[PDB]
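Heads up, the chain below is alone and in the form deposited in one PDB entry; it's given as structure tokens.
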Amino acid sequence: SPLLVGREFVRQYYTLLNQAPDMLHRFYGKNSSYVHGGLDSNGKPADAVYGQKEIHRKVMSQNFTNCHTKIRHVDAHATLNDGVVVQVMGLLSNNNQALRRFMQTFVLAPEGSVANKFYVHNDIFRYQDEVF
């Protein structure tokens, strides 16, 4: 069930993001994409990084301390090659600040070597207040 897989991942991805964001890197491979809001020097949304090595480096530099999340909607479906897309809507709070609404999209790809194991091929996180 793509619905169950995607929703249990959201639970895991955000439970880990709060408890140990330094261990968040194991969700990604060397072809994964990652972006988590942010703006440029000009004031426009930041670019995405690739590969677990760079994704980990970016997560640590974002300083996730006491992340809080109220997931309001998770819709998971099936893509090509036994993949699973997860659309996520909710609110996120970092460093005990205010809850900010967000729009997220995951792409769960089969790991290949182990049964029922998935990795995050794509992670597109965006804050709404930095776009709208």
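We call the rigid core whatever largest set of C-alpha positions still superposes within 1.5 Å between the two forms. One rule holds for the numbers: they count along the sequence shown, beginning at 1.
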Original post:
In at least a third of the other entries we lined up, does residue 12 end up with no coordinates?
Top reply: no
Original post:
Hey, does residue 113 drop out of the model in a third or more of the other PDB entries compared here?
Top reply: yes
Subject >> 112-120 set against 10-18, stretch whose average Cα temperature factor tops the other in the entry >> reply: 112-120
**OP:** Averaging only over Cα atoms, indicate whether 40-48 or 75-83 has the higher B-factor in the PDB entry.
**Re:** 40-48
Original post:
Highest Cα B-factor in the deposition, which of 60, 88, 91, 107?
Top reply: 60
**OP:** Check where residue 103 lands among this chain's C-alpha B-factors and tell me if it's the lowest, middle or highest third.
**Re:** lowest
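Here the subject shifts to the form deposited in another entry, a form of this protein not shown in this document.
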**OP:** Could you check which of 99, 103, 39, 60 shows a C-alpha shift of 2 Å or more between the shown form and the other one after a rigid core superposition?
**Re:** 39
Original post:
Which is it in the other entry for the CA atoms of residue 99 and residue 37, closer or farther than here, knowing they shift by 3 Å or more?
Top reply: farther
**OP:** Specify closer or farther for residue 45 and residue 87: how their Cα atoms are spaced in the other entry versus the shown form, given a shift of 3 angstroms or more.
**Re:** farther
